[PDB]
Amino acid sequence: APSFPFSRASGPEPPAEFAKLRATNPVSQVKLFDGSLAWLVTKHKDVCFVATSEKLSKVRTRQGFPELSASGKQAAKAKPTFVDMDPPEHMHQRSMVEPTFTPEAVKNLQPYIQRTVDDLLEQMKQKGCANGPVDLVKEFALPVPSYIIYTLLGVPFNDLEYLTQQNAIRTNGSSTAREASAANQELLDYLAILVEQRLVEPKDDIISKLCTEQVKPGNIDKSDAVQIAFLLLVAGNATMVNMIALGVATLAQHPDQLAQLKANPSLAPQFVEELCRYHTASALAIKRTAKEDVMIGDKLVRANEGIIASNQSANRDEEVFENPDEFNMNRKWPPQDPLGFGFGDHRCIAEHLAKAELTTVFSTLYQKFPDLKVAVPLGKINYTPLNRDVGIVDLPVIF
């Protein structure tokens, strides 16, 4: 059994194993870091089954849960939030915070999302690039989702820049473990204080809603509110940063499609849909353990065996998406959903917010900077390490 996670084939490409497995062995066994074996599911139809089967569990203290690193094994000890829950506990807690992320709520947020993107673009303009390229990640891709989710949670404007840097330090590949855990503690301590404050005078933010509607009535206590706030911050922020940077790099690689976006910004929604299919930047979140024996394709998965469902592979599934390895914002879409945001009950709570952010970015960025160019040769883009989810560490641009 091959070791898993697989490495990406190159900077921007998924692992090569997935295409071979989809063709010859779509439900296979892989070896995890601790020597345990898990089942790996690679086809779109089987990923959807894994994501919805009531015979499968996300509870991480069940025997056989497929942890991918040693830190995940000890993270499993903590009291769980809804990301790690099965029905009916899952939707009991998830529903406490879902109101902010509904399509209607996200529509109402659209002026604020646009103003955030406008302000940060204008800041970048004023900084200019007269002394060399600027890092689109540091200057733009990192603060845009950070400022928005921090603001929704309830962080005041003056604290945004410090907390944005601390969260970036958490996931920066060159941070030492001491730097990353210090940044982590800094975030948790800040959130505990903000929870104490909002318990005394609620405002109009997510933490206030949790304090007023759940903590004070005693449905949860204040430490649960901190953990839930923390989950909403760290679950998707690094992914959002990567998607923004990957969209710029991808457009630099497909000049003809960038030219269409420049001439018709209203193509931004379709560009975003294809971006999220092609660059599946969160590819290791659909994990389960079997509560009962379950048959997947031609394989029997026994109770207490772990399953990893690759939505990355599913998003390149030839049986669903014609020419899946071509980036084509003008593709015709089949009836089946792309799985960039997962599937089923656990499907990303922030799918609509994330797409609204991405759509706002790519309908605005080239109207503001029509001559935006990646400043280094495209073969020299600093992608995330090949053993990690696809992403971009820094992206020098001029404009």
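Counting begins at 1, following the sequence as shown.
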- Check the entry's C-alpha temperature factors for 74-82 and 93-101, then say which stretch has the higher mean. 74-82
- Quick note on 22-30 and 355-363: per-entry mean CA temperature factor is higher in 22-30
- Per the coordinate record, which of the options 239, 312, 264, 166 holds the highest CA temperature factor? 264
- Query: Which one of 280, 175, 116, 151 shows the top CA temperature factor in the record?
  - Reply: 175
- Item | Third of the chain, ranked by Cα B-factor, where residue 56 sits | middle
- Here the Cα B-factor of residue 213, set against its chain, lands in the third termed middle
- Query: Once the chain's modelled residues are ordered by C-alpha B factor and cut into thirds, is residue 379 in the lowest, middle or highest one?
  - Reply: highest
- Query: Can you tell me which third, lowest, middle or highest, the CA B-factor of residue 146 falls into for its chain?
  - Reply: lowest
- residue 43: which third of its chain by C-alpha temperature factor? middle
